[PDB]
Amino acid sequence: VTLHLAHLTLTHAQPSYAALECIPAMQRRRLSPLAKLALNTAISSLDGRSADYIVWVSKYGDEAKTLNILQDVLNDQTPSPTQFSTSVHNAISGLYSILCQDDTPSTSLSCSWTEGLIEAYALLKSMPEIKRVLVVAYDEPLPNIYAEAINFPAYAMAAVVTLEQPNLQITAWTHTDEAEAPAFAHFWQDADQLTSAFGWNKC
(Lines of atoms letter the chains of each structure in order from A and count residues from 1; the text may use other names and numbers.)
(Lines give C-alpha, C1' and ligand atoms only; values in the text may rest on other atoms or scores of the structure.)
Protein backbone atom coordinates (compact mmCIF):
# COMPACT_ATOMS: atom_id res chain seq x y z
CA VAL A 1 0.00 0.00 0.00
CA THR A 2 1.59 3.23 -1.25
CA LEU A 3 -0.30 6.51 -1.45
CA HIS A 4 0.25 10.13 -2.26
CA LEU A 5 -1.15 12.04 0.73
CA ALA A 6 -1.75 15.79 0.61
CA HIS A 7 -3.63 18.61 2.37
CA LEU A 8 -3.34 17.02 5.82
CA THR A 9 -5.38 19.13 8.25
CA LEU A 10 -5.89 18.51 11.98
CA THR A 11 -8.62 20.57 13.68
CA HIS A 12 -9.46 20.92 17.38
CA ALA A 13 -12.36 22.66 19.11
CA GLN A 14 -12.81 26.31 18.10
CA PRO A 15 -15.29 29.04 19.05
CA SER A 16 -16.04 29.53 15.34
CA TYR A 17 -15.19 27.71 12.12
CA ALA A 18 -14.20 29.71 9.04
CA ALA A 19 -14.80 26.83 6.61
CA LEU A 20 -18.42 26.47 7.81
CA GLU A 21 -19.39 29.91 6.44
CA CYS A 22 -20.75 28.26 3.26
CA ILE A 23 -23.48 26.59 5.35
CA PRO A 24 -26.40 28.86 6.30
CA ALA A 25 -26.15 29.83 9.94
CA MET A 26 -29.52 28.33 10.97
CA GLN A 27 -28.46 24.79 10.00
CA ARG A 28 -24.85 25.42 11.00
CA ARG A 29 -26.00 26.16 14.55
CA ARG A 30 -27.81 22.83 14.78
CA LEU A 31 -24.69 20.76 14.07
CA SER A 32 -23.35 18.96 17.13
CA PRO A 33 -19.86 20.07 18.22
CA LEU A 34 -18.38 16.93 16.65
CA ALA A 35 -20.29 17.49 13.40
CA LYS A 36 -18.85 21.03 13.20
CA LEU A 37 -15.31 19.70 13.65
CA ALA A 38 -15.71 16.99 11.00
CA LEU A 39 -17.40 19.16 8.37
CA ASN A 40 -14.96 22.06 8.92
CA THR A 41 -11.98 19.76 8.39
CA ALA A 42 -13.53 18.08 5.34
CA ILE A 43 -14.08 21.43 3.61
CA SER A 44 -10.62 22.68 4.63
CA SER A 45 -8.75 19.68 3.23
CA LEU A 46 -10.75 19.77 -0.01
CA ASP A 47 -9.61 23.41 -0.38
CA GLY A 48 -12.18 24.12 -3.08
CA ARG A 49 -11.37 20.91 -4.98
CA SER A 50 -13.58 17.82 -5.14
CA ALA A 51 -13.20 14.12 -4.44
CA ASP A 52 -14.48 10.98 -6.12
CA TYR A 53 -15.19 9.19 -2.81
CA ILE A 54 -15.17 10.12 0.89
CA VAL A 55 -14.09 7.79 3.67
CA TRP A 56 -15.30 8.96 7.09
CA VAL A 57 -13.60 7.32 10.08
CA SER A 58 -14.67 7.42 13.74
CA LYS A 59 -14.03 4.92 16.54
CA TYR A 60 -16.92 6.09 18.73
CA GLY A 61 -19.24 8.33 16.76
CA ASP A 62 -21.37 10.65 18.90
CA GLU A 63 -21.59 8.53 22.03
CA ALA A 64 -22.87 11.48 24.08
CA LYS A 65 -25.96 11.81 21.86
CA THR A 66 -26.59 8.04 21.90
CA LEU A 67 -26.42 8.16 25.71
CA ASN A 68 -29.19 10.77 25.97
CA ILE A 69 -31.41 8.77 23.60
CA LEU A 70 -30.78 5.61 25.62
CA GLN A 71 -31.80 7.34 28.85
CA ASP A 72 -35.21 8.13 27.36
CA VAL A 73 -35.54 4.61 25.92
CA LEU A 74 -34.55 2.90 29.18
CA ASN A 75 -36.99 5.21 31.02
CA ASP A 76 -39.82 3.96 28.74
CA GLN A 77 -40.02 7.34 27.02
CA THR A 78 -40.03 7.75 23.26
CA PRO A 79 -36.74 9.43 22.24
CA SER A 80 -36.35 12.49 20.04
CA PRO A 81 -36.60 11.42 16.38
CA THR A 82 -34.23 14.10 15.07
CA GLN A 83 -31.65 13.15 17.72
CA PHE A 84 -31.94 9.47 16.81
CA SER A 85 -31.67 10.09 13.06
CA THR A 86 -28.54 12.23 13.63
CA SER A 87 -27.05 9.70 16.10
CA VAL A 88 -26.38 6.93 13.56
CA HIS A 89 -22.71 6.32 12.83
CA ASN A 90 -22.93 7.76 9.30
CA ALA A 91 -24.99 10.83 10.26
CA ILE A 92 -22.05 13.22 9.75
CA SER A 93 -21.40 11.87 6.24
CA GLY A 94 -25.09 12.46 5.51
CA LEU A 95 -25.04 15.95 7.03
CA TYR A 96 -21.97 16.87 4.98
CA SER A 97 -23.61 15.67 1.78
CA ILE A 98 -26.81 17.67 2.39
CA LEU A 99 -25.47 20.91 3.86
CA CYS A 100 -22.59 21.19 1.38
CA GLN A 101 -24.68 19.82 -1.51
CA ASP A 102 -22.02 17.21 -2.36
CA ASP A 103 -23.44 13.86 -3.46
CA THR A 104 -19.97 12.26 -3.68
CA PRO A 105 -20.26 8.55 -2.74
CA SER A 106 -19.07 7.81 0.77
CA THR A 107 -18.59 5.23 3.51
CA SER A 108 -18.38 5.47 7.29
CA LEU A 109 -15.99 3.20 9.16
CA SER A 110 -15.24 2.38 12.78
CA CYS A 111 -11.49 1.73 12.70
CA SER A 112 -8.08 3.41 12.93
CA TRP A 113 -6.51 5.98 10.60
CA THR A 114 -4.45 3.28 8.86
CA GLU A 115 -7.52 1.24 7.88
CA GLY A 116 -9.22 4.35 6.53
CA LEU A 117 -6.16 4.83 4.31
CA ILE A 118 -6.34 1.15 3.32
CA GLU A 119 -9.98 1.57 2.31
CA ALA A 120 -8.99 4.67 0.28
CA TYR A 121 -6.19 2.76 -1.48
CA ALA A 122 -8.55 -0.08 -2.35
CA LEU A 123 -11.04 2.41 -3.82
CA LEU A 124 -8.35 4.16 -5.92
CA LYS A 125 -6.60 0.97 -7.04
CA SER A 126 -9.69 -1.03 -8.01
CA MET A 127 -11.98 1.69 -9.41
CA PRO A 128 -10.83 3.46 -12.61
CA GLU A 129 -13.24 6.35 -12.11
CA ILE A 130 -12.04 7.05 -8.54
CA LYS A 131 -8.90 9.19 -8.71
CA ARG A 132 -9.03 11.28 -5.51
CA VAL A 133 -10.30 10.06 -2.12
CA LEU A 134 -10.96 12.28 0.90
CA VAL A 135 -10.34 10.57 4.27
CA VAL A 136 -11.80 12.28 7.37
CA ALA A 137 -11.26 10.94 10.89
CA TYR A 138 -12.98 12.39 13.96
CA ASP A 139 -13.65 11.54 17.59
CA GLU A 140 -14.43 13.03 20.98
CA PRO A 141 -13.80 11.37 24.36
CA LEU A 142 -16.26 8.86 25.81
CA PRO A 143 -18.80 9.75 28.51
CA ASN A 144 -17.10 9.13 31.87
CA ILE A 145 -19.82 6.58 32.73
CA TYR A 146 -17.69 4.05 30.80
CA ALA A 147 -14.74 2.34 32.47
CA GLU A 148 -12.34 2.93 29.56
CA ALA A 149 -13.25 6.62 29.27
CA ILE A 150 -10.18 8.86 29.01
CA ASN A 151 -10.17 12.56 28.22
CA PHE A 152 -8.51 13.83 25.06
CA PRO A 153 -9.13 16.97 23.01
CA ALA A 154 -11.84 16.30 20.43
CA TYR A 155 -10.46 16.39 16.89
CA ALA A 156 -11.03 15.94 13.19
CA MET A 157 -8.26 15.14 10.72
CA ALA A 158 -8.60 14.99 6.94
CA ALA A 159 -6.42 14.49 3.89
CA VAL A 160 -6.74 13.94 0.14
CA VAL A 161 -5.27 10.69 -1.14
CA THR A 162 -4.30 9.70 -4.70
CA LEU A 163 -2.22 6.91 -6.26
CA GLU A 164 0.41 8.55 -8.47
CA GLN A 165 3.89 9.46 -7.23
CA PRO A 166 3.27 8.16 -3.70
CA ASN A 167 4.88 9.86 -0.71
CA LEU A 168 3.50 7.43 1.91
CA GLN A 169 3.87 3.69 2.34
CA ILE A 170 2.02 1.47 4.81
CA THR A 171 4.09 -1.55 5.77
CA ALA A 172 2.07 -3.00 8.64
CA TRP A 173 -1.64 -3.21 9.40
CA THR A 174 -2.29 -5.87 12.08
CA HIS A 175 -1.26 -3.73 15.10
CA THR A 176 -3.30 -0.69 14.14
CA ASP A 177 -3.51 0.14 17.64
CA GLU A 178 -2.83 3.58 18.93
CA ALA A 179 -2.07 4.10 15.13
CA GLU A 180 -4.63 6.92 15.35
CA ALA A 181 -4.88 10.18 13.41
CA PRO A 182 -3.05 12.34 16.02
CA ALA A 183 -0.03 10.01 16.03
CA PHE A 184 -0.08 10.12 12.22
CA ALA A 185 -0.11 13.93 12.16
CA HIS A 186 2.90 14.01 14.51
CA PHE A 187 4.76 11.62 12.19
CA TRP A 188 3.65 13.34 8.97
CA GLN A 189 4.60 16.86 10.09
CA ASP A 190 8.04 15.92 11.50
CA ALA A 191 10.36 16.67 8.58
CA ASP A 192 13.21 14.58 10.09
CA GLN A 193 11.05 11.49 10.83
CA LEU A 194 11.03 9.12 7.84
CA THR A 195 9.58 5.94 9.42
CA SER A 196 7.09 5.19 12.20
CA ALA A 197 6.83 2.17 14.47
CA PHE A 198 3.12 2.15 13.61
CA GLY A 199 4.07 0.92 10.12
CA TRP A 200 4.21 4.15 8.07
CA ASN A 201 7.13 5.34 5.94
CA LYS A 202 7.70 8.42 3.81
CA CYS A 203 8.97 7.80 0.29
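From 1 onward, residues are counted along the sequence shown.
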Revision key, fill the gap. Looking only at C-alpha temperature factors in the entry, 134 to 142 or 26 to 34, the higher average sits in 26 to 34
Exercise for review: Would you determine, from the values in the PDB entry, which of 44 to 52 and 174 to 182 has the greater average C-alpha temperature factor?
Suggested key: 174 to 182
Practice item. Sort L123, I92, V73, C111 by C-alpha B-factor from the entry and give me just the highest. Key: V73
Study note, to complete from the structure: So, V1's CA B-factor, relative to its chain, sits in which third? The middle
Practice item. Place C203 in the lowest, middle or highest third of its chain's C-alpha B-factors, as listed in the PDB entry. Key: highest
Revision key, fill the gap. By the entry's values, the third containing the CA B factor of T162 is the lowest
Exercise for review: Quick one: classify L67 as lowest, middle or highest third of the chain based on its Cα B-factor.
Suggested key: highest
Practice item. Please place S97 in the lowest, middle or highest third of its chain by C-alpha B factor as given in the entry. Key: lowest
